[PDB]
Amino acid sequence: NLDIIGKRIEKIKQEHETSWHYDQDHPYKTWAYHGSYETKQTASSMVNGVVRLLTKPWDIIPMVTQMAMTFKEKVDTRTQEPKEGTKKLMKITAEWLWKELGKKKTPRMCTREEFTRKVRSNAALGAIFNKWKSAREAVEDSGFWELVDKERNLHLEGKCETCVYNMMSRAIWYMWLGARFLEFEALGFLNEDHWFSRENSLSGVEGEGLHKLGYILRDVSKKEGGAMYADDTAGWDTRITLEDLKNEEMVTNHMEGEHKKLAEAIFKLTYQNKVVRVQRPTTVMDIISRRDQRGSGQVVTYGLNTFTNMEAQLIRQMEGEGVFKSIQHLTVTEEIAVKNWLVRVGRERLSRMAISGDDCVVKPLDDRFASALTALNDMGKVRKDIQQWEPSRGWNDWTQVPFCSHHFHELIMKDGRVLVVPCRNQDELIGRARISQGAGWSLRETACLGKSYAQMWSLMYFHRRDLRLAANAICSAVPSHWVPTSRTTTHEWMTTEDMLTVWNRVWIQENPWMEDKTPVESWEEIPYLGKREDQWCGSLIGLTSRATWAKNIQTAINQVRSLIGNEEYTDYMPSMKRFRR
Ligand SMILES: C[C@H]1CCC[C@@H](CO)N1S(C)(=O)=O
Ligand SMILES: C[C@H]1CCC[C@@H](CO)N1S(C)(=O)=O
Ligand SMILES: [Zn+2]
Ligand SMILES: [Zn+2]
């Protein structure tokens, strides 16, 4: 408690000494409350006019139009302490998993140099505004790094002064850039060195690419065993226990020297004890604390969510296979059985999974897994939208499994080669492309963001009739040489290279599931879904609105060209059969 957080609390007390008050009508039950102080401020979703003008039929589709308009009673819940048998299973599994992940990887500190280059090309490193305007500025100024230095030496001393969370089924905890640097220095290696690559972690998919996920799920389907299970956790971040945080910290057991001490301090002072400032309208700032739940940088959050999910799913597999009988208590010989399972089959069982943070797909040895629920519930990883003790329903076909907000189709090219392609409901794809985040967008910047969506569609969703047409229209409407952009960033579509050349590189040349490397010479060689399958996944093909849009598309392209002005444009529409005369 207060010896670790008091210094952070004391320091904030004194910057708002005129405003401090121990409120008695505070709404916190599971958060420790400390005090309040005076503030007054709020970023809503803006429409991308380039994308909207080139997707007119969707202007009357509520599932698209409602996306652009407009639980914190889950952050304020409390998870129970797991039983001694559960805690044992987790500690044994966590110990074994960090050793496996560390066999081919060396923990190391990330550097000011590395941090600086990241900020100078717009990674979403959740920071705040004050003393300097942006992160881009603070980074070039040696004063900043003296602040960083002071805190750093405090962490080596085992104390914290300025690493405070700022709160904003989502919940994002920004810190000042200095705190983010110290987190990145100590734990950035997990992401920077790809500890959760599939080659390294066997279950992980970090860096693998949306064009690889479908092939990865099909490889899992090839294993002998039961149904494919894809259970979502209700509010994963809120169900991370102090025992989970202690198993995650064991990565420090693989470190040495300074790094070991800097990493241990991030875990102890910022993760296992948190200080948070929240805007309450009744508008004051609340300074609250708690020990458990996830509150870290988004990138460290991803890697530790992946780790703890891999751990939880191996234990659920152990329960299904009868490796232990009860979570109340492991016998001494059950401990040796669990250790022996891990050494004997652990790597095989990891390869039966695809795990992206809180999201998983598991193909267990058989369907006993479906009703193996005691360890999963006792760890606090309670399933979404199913009664606690009701057996999981699995998927019989890998093409129907949900993963990372997609499903995957098997699509045979006219030449017999096999593409496994990502897909989701087309209203969701069009609706997201019609939204921008933030202020002060020029027409040119808005156009370059539309071009980024269009090139993503050409590379990932070419098999959807409406998106290949709309992608060609947007790339025709935006000046040929203007560079695609984004404000929070594998994204092979972020290039001025010709999209057919990029398509060949991603789907043929670099695709390890494609034996025949014969390049495709035109977009007409590249297939679509069946027309009925395209409609099932939200296509407007067959509607009068869609027919008029497709037939008159050059009139829409010319409307956008007239707004942007007299620039160099390319006509990409004759890349499609129906516009090729
Ligand atoms: C362990 C080191 C060695 C150098 C390349 C690579 C191979 O796995 N890695 S790295 C940079 O990913 O940490
Ligand atoms: C595998 C891809 C596709 C989308 C999910 C996400 C999580 O793993 N990734 S990635 C390359 O951005 O790391
Ligand atoms: Zn600190
Ligand atoms: Zn689909």
# chains A, B, ... in the order shown; residues from 1 in each chain; ligands from 1

$ residues_near_ligand --ligand "ligand 2" --cutoff "10 Å" --atoms "only C-alpha atoms and all ligand atoms" --output "count of residues only"
33

$ residues_near_ligand --ligand "ligand 1" --cutoff "8 Å" --atoms "only C-alpha atoms and all ligand atoms" --output "PyMOL selection string"
chain A and resi 104-107+189+192-195

$ closest_atom_pairs --of "chain A" --to "ligand 3" --cutoff "9 Å" --atoms "only C-alpha atoms and all ligand atoms" --output "JSON lines"
{"residue": "A:8", "atom": "CA", "partner": "ligand 3", "partner_atom_place_in_ligand_line": "1 (Zn)", "distance": 8.4}
{"residue": "A:151", "atom": "CA", "partner": "ligand 3", "partner_atom_place_in_ligand_line": "1 (Zn)", "distance": 5.6}
{"residue": "A:152", "atom": "CA", "partner": "ligand 3", "partner_atom_place_in_ligand_line": "1 (Zn)", "distance": 7.3}
{"residue": "A:154", "atom": "CA", "partner": "ligand 3", "partner_atom_place_in_ligand_line": "1 (Zn)", "distance": 7.2}
{"residue": "A:155", "atom": "CA", "partner": "ligand 3", "partner_atom_place_in_ligand_line": "1 (Zn)", "distance": 6.1}
{"residue": "A:159", "atom": "CA", "partner": "ligand 3", "partner_atom_place_in_ligand_line": "1 (Zn)", "distance": 7.0}
{"residue": "A:160", "atom": "CA", "partner": "ligand 3", "partner_atom_place_in_ligand_line": "1 (Zn)", "distance": 3.8}
{"residue": "A:161", "atom": "CA", "partner": "ligand 3", "partner_atom_place_in_ligand_line": "1 (Zn)", "distance": 5.4}
{"residue": "A:162", "atom": "CA", "partner": "ligand 3", "partner_atom_place_in_ligand_line": "1 (Zn)", "distance": 5.2}
{"residue": "A:163", "atom": "CA", "partner": "ligand 3", "partner_atom_place_in_ligand_line": "1 (Zn)", "distance": 4.1}
{"residue": "A:164", "atom": "CA", "partner": "ligand 3", "partner_atom_place_in_ligand_line": "1 (Zn)", "distance": 7.7}
{"residue": "A:178", "atom": "CA", "partner": "ligand 3", "partner_atom_place_in_ligand_line": "1 (Zn)", "distance": 8.9}
{"residue": "A:179", "atom": "CA", "partner": "ligand 3", "partner_atom_place_in_ligand_line": "1 (Zn)", "distance": 6.3}
{"residue": "A:182", "atom": "CA", "partner": "ligand 3", "partner_atom_place_in_ligand_line": "1 (Zn)", "distance": 7.9}
{"residue": "A:265", "atom": "CA", "partner": "ligand 3", "partner_atom_place_in_ligand_line": "1 (Zn)", "distance": 8.0}
{"residue": "A:266", "atom": "CA", "partner": "ligand 3", "partner_atom_place_in_ligand_line": "1 (Zn)", "distance": 7.4}
{"residue": "A:269", "atom": "CA", "partner": "ligand 3", "partner_atom_place_in_ligand_line": "1 (Zn)", "distance": 6.8}
{"residue": "A:270", "atom": "CA", "partner": "ligand 3", "partner_atom_place_in_ligand_line": "1 (Zn)", "distance": 6.8}

$ write_last_selection --atoms "C-alpha atoms" --output "compact mmCIF listing (two decimals), in the first residue's frame"
# COMPACT_ATOMS: atom_id res chain seq x y z
CA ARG A 8 3.18 9.95 -6.36
CA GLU A 151 12.85 8.92 -12.19
CA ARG A 152 15.21 6.17 -13.52
CA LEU A 154 14.39 6.64 -8.23
CA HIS A 155 13.33 3.23 -9.79
CA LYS A 159 10.72 4.26 -5.43
CA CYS A 160 8.43 6.16 -7.93
CA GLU A 161 7.39 9.88 -8.23
CA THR A 162 5.88 10.58 -11.73
CA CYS A 163 4.61 7.21 -13.25
CA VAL A 164 0.83 7.98 -12.88
CA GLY A 178 8.90 9.79 -19.60
CA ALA A 179 6.97 6.96 -17.84
CA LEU A 182 10.98 3.73 -18.80
CA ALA A 265 10.64 -1.70 -10.71
CA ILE A 266 8.17 -1.35 -13.65
CA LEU A 269 5.84 0.20 -8.77
CA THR A 270 3.63 0.74 -11.90

$ atom_distance --atom1 "atom CA of residue A:290" --atom2 "atom CA of residue A:190"
25.0 Å

$ residues_near_ligand --ligand "ligand 4" --cutoff "6 Å" --atoms "only C-alpha atoms and all ligand atoms" --output "MDAnalysis selection string"
chainID A and resid 423:424 537

$ write_last_selection --atoms "C-alpha atoms" --output "JSON list (two decimals), in the first residue's frame"
[["chain", "number", "residue", "atom", "x", "y", "z"],
["A", 423, "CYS", "CA", -13.12, -11.49, -44.41],
["A", 424, "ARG", "CA", -15.64, -9.71, -42.18],
["A", 537, "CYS", "CA", -20.83, -11.34, -46.09]]

$ closest_residue --among "A:14, A:19, A:486, A:301" --to "residue A:122" --atoms "only C-alpha atoms"
A:486

$ select_by_dssp --residues "stretch 303-443 of chain A" --states "strand (DSSP E)" --output "list in words"
residues 353, 354, 355, 356, 359, 360, 361, 362, 407, 408, 409, 410, 411, 412, 418, 419, 420, 421, 422, 423, 435, 436 and 437 of chain A

$ write_last_selection --atoms "N, CA, C and O atoms" --output "PDB file, in the first residue's frame"
ATOM      1  N   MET A 353      -2.836 -23.977 -30.860  1.00  0.00           N
ATOM      2  CA  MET A 353      -3.489 -22.686 -30.532  1.00  0.00           C
ATOM      3  C   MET A 353      -3.042 -21.544 -31.467  1.00  0.00           C
ATOM      4  O   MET A 353      -1.915 -21.530 -31.950  1.00  0.00           O
ATOM      5  N   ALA A 354      -3.929 -20.582 -31.673  1.00  0.00           N
ATOM      6  CA  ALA A 354      -3.632 -19.269 -32.261  1.00  0.00           C
ATOM      7  C   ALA A 354      -4.109 -18.232 -31.246  1.00  0.00           C
ATOM      8  O   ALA A 354      -5.285 -18.219 -30.922  1.00  0.00           O
ATOM      9  N   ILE A 355      -3.182 -17.446 -30.702  1.00  0.00           N
ATOM     10  CA  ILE A 355      -3.467 -16.535 -29.577  1.00  0.00           C
ATOM     11  C   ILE A 355      -2.906 -15.145 -29.897  1.00  0.00           C
ATOM     12  O   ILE A 355      -1.679 -14.967 -30.126  1.00  0.00           O
ATOM     13  N   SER A 356      -3.814 -14.177 -29.945  1.00  0.00           N
ATOM     14  CA  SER A 356      -3.524 -12.741 -30.135  1.00  0.00           C
ATOM     15  C   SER A 356      -4.070 -12.009 -28.916  1.00  0.00           C
ATOM     16  O   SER A 356      -5.300 -11.830 -28.860  1.00  0.00           O
ATOM     17  N   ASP A 359      -7.454 -12.853 -27.352  1.00  0.00           N
ATOM     18  CA  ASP A 359      -8.245 -13.580 -28.377  1.00  0.00           C
ATOM     19  C   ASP A 359      -7.565 -14.923 -28.619  1.00  0.00           C
ATOM     20  O   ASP A 359      -6.326 -14.928 -28.741  1.00  0.00           O
ATOM     21  N   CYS A 360      -8.303 -16.036 -28.574  1.00  0.00           N
ATOM     22  CA  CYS A 360      -7.712 -17.364 -28.809  1.00  0.00           C
ATOM     23  C   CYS A 360      -8.593 -18.253 -29.680  1.00  0.00           C
ATOM     24  O   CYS A 360      -9.845 -18.120 -29.664  1.00  0.00           O
ATOM     25  N   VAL A 361      -7.918 -19.198 -30.334  1.00  0.00           N
ATOM     26  CA  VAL A 361      -8.512 -20.381 -31.005  1.00  0.00           C
ATOM     27  C   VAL A 361      -7.684 -21.565 -30.520  1.00  0.00           C
ATOM     28  O   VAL A 361      -6.443 -21.457 -30.543  1.00  0.00           O
ATOM     29  N   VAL A 362      -8.357 -22.609 -30.057  1.00  0.00           N
ATOM     30  CA  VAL A 362      -7.737 -23.840 -29.508  1.00  0.00           C
ATOM     31  C   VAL A 362      -8.366 -25.033 -30.202  1.00  0.00           C
ATOM     32  O   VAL A 362      -9.605 -25.147 -30.203  1.00  0.00           O
ATOM     33  N   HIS A 407     -13.280 -13.854 -40.207  1.00  0.00           N
ATOM     34  CA  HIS A 407     -13.321 -15.290 -40.561  1.00  0.00           C
ATOM     35  C   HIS A 407     -12.532 -15.389 -41.867  1.00  0.00           C
ATOM     36  O   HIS A 407     -12.107 -14.345 -42.403  1.00  0.00           O
ATOM     37  N   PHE A 408     -12.302 -16.602 -42.328  1.00  0.00           N
ATOM     38  CA  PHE A 408     -11.355 -16.893 -43.417  1.00  0.00           C
ATOM     39  C   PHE A 408     -12.010 -17.830 -44.424  1.00  0.00           C
ATOM     40  O   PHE A 408     -12.616 -18.820 -44.024  1.00  0.00           O
ATOM     41  N   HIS A 409     -11.889 -17.477 -45.706  1.00  0.00           N
ATOM     42  CA  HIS A 409     -12.409 -18.262 -46.849  1.00  0.00           C
ATOM     43  C   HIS A 409     -11.256 -18.973 -47.554  1.00  0.00           C
ATOM     44  O   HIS A 409     -10.132 -18.399 -47.631  1.00  0.00           O
ATOM     45  N   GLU A 410     -11.518 -20.163 -48.101  1.00  0.00           N
ATOM     46  CA  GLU A 410     -10.613 -20.885 -49.030  1.00  0.00           C
ATOM     47  C   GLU A 410     -11.051 -20.545 -50.460  1.00  0.00           C
ATOM     48  O   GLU A 410     -12.221 -20.682 -50.770  1.00  0.00           O
ATOM     49  N   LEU A 411     -10.187 -19.963 -51.264  1.00  0.00           N
ATOM     50  CA  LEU A 411     -10.617 -19.379 -52.561  1.00  0.00           C
ATOM     51  C   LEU A 411      -9.685 -19.924 -53.635  1.00  0.00           C
ATOM     52  O   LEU A 411      -8.463 -19.760 -53.476  1.00  0.00           O
ATOM     53  N   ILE A 412     -10.234 -20.635 -54.627  1.00  0.00           N
ATOM     54  CA  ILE A 412      -9.394 -21.340 -55.631  1.00  0.00           C
ATOM     55  C   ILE A 412      -9.288 -20.437 -56.856  1.00  0.00           C
ATOM     56  O   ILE A 412     -10.314 -19.912 -57.312  1.00  0.00           O
ATOM     57  N   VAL A 418      -4.346 -22.044 -54.357  1.00  0.00           N
ATOM     58  CA  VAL A 418      -5.267 -21.852 -53.209  1.00  0.00           C
ATOM     59  C   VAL A 418      -4.856 -20.634 -52.401  1.00  0.00           C
ATOM     60  O   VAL A 418      -3.740 -20.601 -51.852  1.00  0.00           O
ATOM     61  N   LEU A 419      -5.780 -19.678 -52.310  1.00  0.00           N
ATOM     62  CA  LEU A 419      -5.694 -18.493 -51.427  1.00  0.00           C
ATOM     63  C   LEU A 419      -6.576 -18.738 -50.192  1.00  0.00           C
ATOM     64  O   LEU A 419      -7.717 -19.226 -50.339  1.00  0.00           O
ATOM     65  N   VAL A 420      -6.057 -18.431 -49.009  1.00  0.00           N
ATOM     66  CA  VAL A 420      -6.871 -18.354 -47.768  1.00  0.00           C
ATOM     67  C   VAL A 420      -6.910 -16.890 -47.401  1.00  0.00           C
ATOM     68  O   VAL A 420      -5.837 -16.329 -47.135  1.00  0.00           O
ATOM     69  N   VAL A 421      -8.108 -16.306 -47.452  1.00  0.00           N
ATOM     70  CA  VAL A 421      -8.307 -14.838 -47.411  1.00  0.00           C
ATOM     71  C   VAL A 421      -9.094 -14.437 -46.178  1.00  0.00           C
ATOM     72  O   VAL A 421     -10.030 -15.129 -45.752  1.00  0.00           O
ATOM     73  N   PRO A 422      -8.738 -13.265 -45.620  1.00  0.00           N
ATOM     74  CA  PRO A 422      -9.469 -12.664 -44.506  1.00  0.00           C
ATOM     75  C   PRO A 422     -10.771 -12.017 -44.965  1.00  0.00           C
ATOM     76  O   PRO A 422     -10.841 -11.489 -46.072  1.00  0.00           O
ATOM     77  N   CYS A 423     -11.776 -12.038 -44.091  1.00  0.00           N
ATOM     78  CA  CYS A 423     -13.116 -11.488 -44.408  1.00  0.00           C
ATOM     79  C   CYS A 423     -13.807 -11.046 -43.126  1.00  0.00           C
ATOM     80  O   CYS A 423     -13.519 -11.621 -42.068  1.00  0.00           O
ATOM     81  N   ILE A 435     -14.527   6.848 -41.407  1.00  0.00           N
ATOM     82  CA  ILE A 435     -14.248   7.600 -40.154  1.00  0.00           C
ATOM     83  C   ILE A 435     -12.775   8.014 -40.106  1.00  0.00           C
ATOM     84  O   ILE A 435     -11.897   7.218 -40.467  1.00  0.00           O
ATOM     85  N   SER A 436     -12.537   9.256 -39.680  1.00  0.00           N
ATOM     86  CA  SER A 436     -11.207   9.790 -39.285  1.00  0.00           C
ATOM     87  C   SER A 436     -11.226  10.085 -37.783  1.00  0.00           C
ATOM     88  O   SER A 436     -12.330  10.292 -37.229  1.00  0.00           O
ATOM     89  N   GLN A 437     -10.055  10.056 -37.141  1.00  0.00           N
ATOM     90  CA  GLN A 437      -9.897  10.500 -35.725  1.00  0.00           C
ATOM     91  C   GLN A 437      -9.074  11.792 -35.750  1.00  0.00           C
ATOM     92  O   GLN A 437      -8.118  11.859 -36.557  1.00  0.00           O
TER      93      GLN A 437
END

$ select_by_dssp --residues "stretch 385-580 of chain A" --states "alpha helix (DSSP H)" --output "ChimeraX atom specification"
/A:426-433,443-460,465-477,499-504,531-536,544-551,553-564

$ residues_around --residues "stretch 40-45 of chain A" --least-positions-apart "2" --cutoff "8 Å" --atoms "only C-alpha atoms" --output "compact mmCIF listing (two decimals) with N, CA, C and O atoms, in the first residue's frame"
# COMPACT_ATOMS: atom_id res chain seq x y z
N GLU A 38 -9.46 20.53 -9.05
CA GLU A 38 -10.19 21.31 -10.09
C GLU A 38 -9.59 21.06 -11.48
O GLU A 38 -8.36 21.19 -11.63
N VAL A 47 -16.18 12.32 -40.20
CA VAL A 47 -16.37 11.55 -41.47
C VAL A 47 -15.28 11.88 -42.49
O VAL A 47 -15.05 13.06 -42.71
N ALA A 68 -20.59 6.22 -37.40
CA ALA A 68 -19.90 7.54 -37.35
C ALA A 68 -20.52 8.46 -36.28
O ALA A 68 -19.94 9.50 -36.03
N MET A 69 -21.64 8.09 -35.65
CA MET A 69 -22.36 8.97 -34.68
C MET A 69 -21.76 8.85 -33.27
O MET A 69 -21.12 7.83 -33.01
N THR A 70 -22.00 9.85 -32.41
CA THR A 70 -21.94 9.73 -30.93
C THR A 70 -20.62 10.19 -30.35
O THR A 70 -20.05 11.14 -30.92
N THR A 283 -16.76 19.27 -12.73
CA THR A 283 -15.68 18.36 -13.21
C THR A 283 -14.48 18.45 -12.26
O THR A 283 -13.82 19.51 -12.24
N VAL A 284 -14.22 17.39 -11.50
CA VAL A 284 -12.99 17.24 -10.65
C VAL A 284 -12.13 16.11 -11.24
O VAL A 284 -12.62 15.38 -12.13
N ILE A 435 -14.53 6.85 -41.41
CA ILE A 435 -14.25 7.60 -40.15
C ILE A 435 -12.78 8.01 -40.11
O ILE A 435 -11.90 7.22 -40.47
N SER A 436 -12.54 9.26 -39.68
CA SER A 436 -11.21 9.79 -39.29
C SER A 436 -11.23 10.08 -37.78
O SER A 436 -12.33 10.29 -37.23
N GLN A 437 -10.06 10.06 -37.14
CA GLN A 437 -9.90 10.50 -35.73
C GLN A 437 -9.07 11.79 -35.75
O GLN A 437 -8.12 11.86 -36.56
N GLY A 438 -9.48 12.79 -34.95
CA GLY A 438 -8.69 14.01 -34.69
C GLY A 438 -9.06 15.20 -35.57
O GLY A 438 -9.91 15.06 -36.47

$ closest_residue --among "A:304, A:439, A:156, A:430" --to "residue A:236" --atoms "only C-alpha atoms"
A:304

$ residues_around --residues "residue A:277" --least-positions-apart "6" --cutoff "10 Å" --atoms "only C-alpha atoms" --output "count of residues only"
15
